[PDB]
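Asks: Questions regarding the structure given below will be posed in turn.
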Amino acid sequence: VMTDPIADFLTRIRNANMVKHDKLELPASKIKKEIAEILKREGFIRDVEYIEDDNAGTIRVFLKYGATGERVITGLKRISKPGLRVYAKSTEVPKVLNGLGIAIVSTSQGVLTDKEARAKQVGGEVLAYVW
Amino acid sequence: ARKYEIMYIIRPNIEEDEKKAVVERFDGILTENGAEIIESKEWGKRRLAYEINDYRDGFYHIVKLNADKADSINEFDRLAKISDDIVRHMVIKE
Amino acid sequence: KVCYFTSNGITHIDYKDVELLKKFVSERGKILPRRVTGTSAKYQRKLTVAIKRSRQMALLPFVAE
Amino acid sequence: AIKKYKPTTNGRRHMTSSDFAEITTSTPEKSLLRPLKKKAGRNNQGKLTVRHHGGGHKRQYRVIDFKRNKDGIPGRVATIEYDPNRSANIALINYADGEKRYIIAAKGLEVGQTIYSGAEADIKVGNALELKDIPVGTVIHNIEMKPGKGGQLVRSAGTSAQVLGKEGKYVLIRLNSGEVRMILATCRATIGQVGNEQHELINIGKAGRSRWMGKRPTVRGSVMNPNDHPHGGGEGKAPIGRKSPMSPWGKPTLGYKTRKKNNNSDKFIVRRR
Amino acid sequence: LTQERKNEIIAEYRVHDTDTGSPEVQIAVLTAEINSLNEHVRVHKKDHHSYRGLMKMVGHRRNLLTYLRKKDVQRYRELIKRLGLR
RNA sequence: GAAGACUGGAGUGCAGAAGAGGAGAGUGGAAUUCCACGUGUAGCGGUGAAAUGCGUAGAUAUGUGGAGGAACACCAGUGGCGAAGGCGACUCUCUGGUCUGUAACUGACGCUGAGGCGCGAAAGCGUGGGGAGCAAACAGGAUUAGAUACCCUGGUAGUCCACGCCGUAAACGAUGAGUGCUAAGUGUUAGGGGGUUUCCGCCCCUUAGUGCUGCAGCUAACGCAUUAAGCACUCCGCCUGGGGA
Ligand SMILES: [Mg+2]
Ligand SMILES: [Mg+2]
Ligand SMILES: [Mg+2]
Ligand SMILES: [Mg+2]
Ligand SMILES: [Mg+2]
Ligand SMILES: [Mg+2]
Ligand SMILES: [Mg+2]
Ligand SMILES: [Mg+2]
Ligand SMILES: [Mg+2]
Ligand SMILES: [Mg+2]
Ligand SMILES: [Mg+2]
Ligand SMILES: [Mg+2]
Ligand SMILES: [Mg+2]
Ligand SMILES: [Mg+2]
Ligand SMILES: [Mg+2]
Ligand SMILES: [Mg+2]
Ligand SMILES: [Mg+2]
Ligand SMILES: [Mg+2]
Ligand SMILES: [Mg+2]
Ligand SMILES: [Mg+2]
Ligand SMILES: [Mg+2]
Ligand SMILES: [Mg+2]
Ligand SMILES: [Mg+2]
Ligand SMILES: [Mg+2]
Ligand SMILES: [Mg+2]
Ligand SMILES: [Mg+2]
Ligand SMILES: [Mg+2]
Ligand SMILES: [Mg+2]
Ligand SMILES: [Mg+2]
Ligand SMILES: [Mg+2]
Ligand SMILES: [Mg+2]
Ligand SMILES: [Mg+2]
Ligand SMILES: [Mg+2]
Ligand SMILES: [Mg+2]
Ligand SMILES: [Mg+2]
């Protein structure tokens, strides 16, 4: 059965990148909103829209490629799996690809990236690595 | 509740007076049991495709039933195999 | 080439209908293969239950000389 | 069923017995009892003619109906009882007359059933009919050999014979031993198998249990003296130092056929066992 | 279980006059089925394929009873006293 | 964690469908063997060649009848059903599961699952039956330097049935179960919808199975490839050089 809806978000984007698909849509959730919204802030995804329906709504994401078809996202990874959750202190927040990537952290002040977390001295659950 | 359909063959060397004696007899034994008969029809003399017993032809009969306990077909089956007048019989449900 | 029972709208095959079944066996009483008669897969199964039922009541022969 | 006993002692170790689940009542019908006296194999003259008999629990005779000639009266099974005088059980039947009599209990005969005899009886377990009215293939028992005499051929527990054909005045029967025999068509029989099938599975377990049934010990002929048995004598254990093993009276005992060669019923026996 | 026999049990345990999928209704129908297979299995002793279907009813019936106990205890104790369960 | 709310999971209801799924009772036709009786004369059978064997006490062949047991010709199909083992003559009785359509109903009631409990080809074991063909052991004839083998003539347990054990297999797709995503082309099984047409028929779409070919991806290679050995999450089982073992 479905045991990790966040992992599906991470892997659906990865599966669409390989075949250069220009868009995708998937069932919506509150936590997926920030993750999808965060990616738009650093240009990892070209756009995002919400569709309201009966069950839970629907979200579609517009993937982004450079001129002459280079991927903008070269990898997505899930860290804190349901089988082994991980937590990071204020000084333990990593730097994905030596600052050229980002990490999504679910702090007590909201879901925000690794760079912003070290500016507020808070920790939380590390959710994903995007580079 | 559940309907059946019985075909049985009577020996060819039988006479009209005694042929209808067994047709009314086998129609009877389906009645005191839990069944109500619908249609007793006879095709007539036919040539058997193979020599089933010492005979070569036979009279064909058709019976329709609406049975519930499904034991009136058991009594027919029990007494059809034992009489010397019926040479074959078959019960079909649809 | 064309299924007989589907084209004619037949939905039930009876074992008392000897004249219909005689078109679906060979000269020796053997059931013809489906690639020869052209009948569909669904009604090939119903057809053989009719033939096997009628063989027992001596309406069709088992093996014919 | 068959009841195994726990090995409490060395005599109860291998012993089994019936549980008597089919038996309904434990008291016999008083007006159908006759006395028996043991004979221990003693002759008309007082001589011991048949050996290894004598000295068991005392019994009483229950008069059985083997003729079954009460035709047209519906007989209702009342009880199923125990008979010391035979291996099968018996059933008490009281007719609509008021008369009562015992018959052999067939397999599947239960209390409350109705039993018929005659010519209009149906082919059901327990009914009695002439062999000419019995269809080919049925399993029968209690076959009689002469009309009006009474059942005699198949009667012990678990035994059965099968009707096999017709020859005009006679009927072919395959007896329990495996013999094909010709019997008149006016002789009667009962439909079914005989009652107590498990009787052959009982392990006696004790020597005293054989003694309870009236069996005295059997001495082998190899441990006798030369004037007692053709096998006695010799120093130590001795083999059968003869051409063939011998009975206590001569007359070879292994493979030698003892049926009369000029018998009058060889023309009524179609094939032997 | 014949179709009309089932619809009497459904009508006898509905929490309201329309439902057919209430846990009270399903357990009552499931109970009637395993009290009908137990006679078939008792006489057809060596019918192993049918006996597997029995054990999937018992397990399914147990799952629904557990769910009812947690959600609403008062309803749960009413069913077992009415269906004669433990 | 607690209190509520929902319907995309799961299950019930309603309308259809297919199937060698299972247990019990009864019946059918070809064919082999044996037995009885007509006709008939000198071989039959067998092999790479032969011989043992059967036959003038009259065989093989042939016509008629009787007894008995086991397997079900054509249909028959990378067709169907089942959790696996496995299930193929026909009828009835008792029973399990699955698929499609509807959106009436409950409202997360779910997945995996160590120990535990059941099922489980064939051979084998115990008790009681049955025994036609086949056939370990065994006997005889050939082959061979030898032949405790292959080949030929016979043949006992066994194979069949009821009940009770045994608990293994190259029990294999050599591929654990659940869930979601990721080009296409084409057969076939069971359904549903629409267009043409009076039907038939053709075409398109769709659900659940069953085959083949192939992209990205994976792989040491062979190869797998929407029925993954690709991309991911949950739970269980197992491995750490060979022999000894
Ligand atoms: Mg003696
Ligand atoms: Mg002795
Ligand atoms: Mg001495
Ligand atoms: Mg002497
Ligand atoms: Mg001596
Ligand atoms: Mg001595
Ligand atoms: Mg000595
Ligand atoms: Mg649903
Ligand atoms: Mg079936
Ligand atoms: Mg079956
Ligand atoms: Mg034959
Ligand atoms: Mg040579
Ligand atoms: Mg001959
Ligand atoms: Mg399956
Ligand atoms: Mg069912
Ligand atoms: Mg079914
Ligand atoms: Mg299916
Ligand atoms: Mg609601
Ligand atoms: Mg499970
Ligand atoms: Mg275990
Ligand atoms: Mg075996
Ligand atoms: Mg055995
Ligand atoms: Mg034996
Ligand atoms: Mg040799
Ligand atoms: Mg042989
Ligand atoms: Mg067994
Ligand atoms: Mg081993
Ligand atoms: Mg193993
Ligand atoms: Mg296999
Ligand atoms: Mg393995
Ligand atoms: Mg998997
Ligand atoms: Mg999958
Ligand atoms: Mg497919
Ligand atoms: Mg080592
Ligand atoms: Mg080692």
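Read the figures in this text as sums done on the coordinates, not as results from a lab. Don't worry about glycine lacking a Cβ; one is built from the backbone with ideal geometry, like all the others, and counts go over all protein chains shown.
Asks: Helix-derived [θ] at 222 nm for chain E: sum -39500 (n - 2.57) over DSSP H runs of at least 4, divide by residue count, nearest 500?
Replies: The helix contribution divided over chain E gives -26000 deg cm²/dmol.
Asks: Can I ask one more? For D:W249, what charge total do you get from the other residues with a beta carbon under 15 Å from its beta carbon, if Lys and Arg give +1 and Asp and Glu give -1?
Replies: Summing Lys/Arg as +1 and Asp/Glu as -1 gives +3.
Asks: Using amide H atoms built in the peptide plane, which far-off residues or other-chain residues are under 5 Å from D:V154 H to H?
Replies: The answer is D:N142, D:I143.
Asks: Next question. Mind giving me the nanometre distance, one decimal, between the label points for D:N262 and E:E12, set 7 Å out from Cα along Cα→Cβ?
Replies: 8.4 nm
Asks: Let me ask something else. Would you mind checking the range A:13-47 for residues with the amide N under 17 Å from a putative spin-label position 7 Å along Cα→C-beta of A:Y65?
Replies: What the label zone holds, given the 17 Å backbone N cut-off, is A:13-25, A:44-47.
Asks: Rounded to the nearest 20 Debye, what is the dipole magnitude of the range A:25-109 about its Cα centre when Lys and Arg each give +1 and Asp and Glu each give -1 at the C-beta?
Replies: Taking the Cα centre of the range A:25-109 as origin, the dipole is about 500 debye.
Asks: What order do you get for E:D17, B:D57 when you list them from fewest to most C-beta neighbours inside 10 Å?
Replies: So the residues, fewest neighbours to most, are E:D17, B:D57.
Asks: Set the Förster distance to 25 Å, then compute FRET efficiency between D:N43 and D:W212 from the Cβ-Cβ distance, nearest 0.05.
Replies: The computed FRET efficiency comes out at 0.50.
Asks: Per residue of the range D:194-204, in order, report the coupling 6.51 cos²θ - 1.76 cosθ + 1.60 (Karplus, θ = phi - 60°) as ³J(HN,Hα) in whole Hz, putting x for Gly and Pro.
Replies: Each residue of the range D:194-204 in turn: 8, x, 9, 6, 7, 4, 7, 8, 7, 9, 6 Hz.
Asks: Given only helices, namely DSSP H runs of n ≥ 4 each adding -39500 (n - 2.57), what is the per-residue ellipticity at 222 nm of chain D, to the nearest 500 deg cm²/dmol?
Replies: -500 deg cm²/dmol
Asks: Structure shown: which of D:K67/D:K169; B:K41/C:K46; D:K169/D:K267; B:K45/C:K30; A:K33/A:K120 lie over 24 Å apart, alpha-carbon to alpha-carbon?
Replies: Over 24 Å apart, Cα to Cα: B:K41/C:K46; B:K45/C:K30.
Asks: Roughly how many nanometres apart are two label points built 7 Å out from the Cα toward the Cβ at B:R47 and A:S29?
Replies: 8.0 nm
Asks: From the phi angles alone, apply the Karplus equation (6.51, -1.76, 1.60; θ = phi - 60°) to the range C:18-33 and give each ³J(HN,Hα) in whole Hz, x where the residue is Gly or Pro.
Replies: 5, 5, 6, 6, 5, 7, 10, 10, 7, 5, 9, x, 7, 5, 6, x
Asks: Which FRET efficiency value, to the nearest 0.05, is calculated for D:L254 and D:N85 with the Förster distance at 45 angstrom and r the Cβ-Cβ distance?
Replies: The computed FRET efficiency comes out at 0.90.
Asks: Taking the number of other C-beta atoms within 10 Å as the exposure measure, put C:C3, D:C187 in order starting with the fewest.
Replies: Going from least to most buried by this count: C:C3, D:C187.
Asks: Relative to the first principal axis of the alpha-carbon coordinates of chain B, what is the inclination of helix B:16-28, with its axis defined by its Cα atoms, in degrees from 0 to 90 and to the nearest 10?
Replies: It is inclined by approximately 20 degrees.
Asks: Return the sequence-ordered ³J(HN,Hα) values of the range D:55-62 in whole Hz as given by the Karplus equation 6.51 cos²θ - 1.76 cosθ + 1.60 applied to θ = phi - 60°, using x for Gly and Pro.
Replies: So the Karplus estimates, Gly and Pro as x, are x, x, 4, 7, 10, 8, 7, 10 Hz.
Asks: Moving on to the next point. Search the structure for amide H atoms under 5 Å from the amide H of D:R62, placed 1.01 Å from N in the peptide plane, and list their residues when 5 or more places away or on another chain.
Replies: Close amide H contacts, sequence-distant or interchain: D:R34.
Asks: Using the number of other C-beta atoms within 10 angstrom as an exposure proxy, rank D:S244, A:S29, A:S108 with the fewest first.
Replies: Ordered from fewest to most neighbouring Cβ atoms within 10 Å, D:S244, A:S29, A:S108 come out as A:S108, D:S244, A:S29.
Asks: Provide the packing ranking of A:82-94, A:116-128, i.e. peptides ordered by the mean count of other C-beta atoms within 10 Å per residue, highest first.
Replies: A:116-128, A:82-94
Asks: Any idea how far apart B:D68 and C:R34 come out in nm if each label point goes 7 Å out from Cα toward Cβ?
Replies: According to this spin-label approximation, the distance is 4.2 nm.
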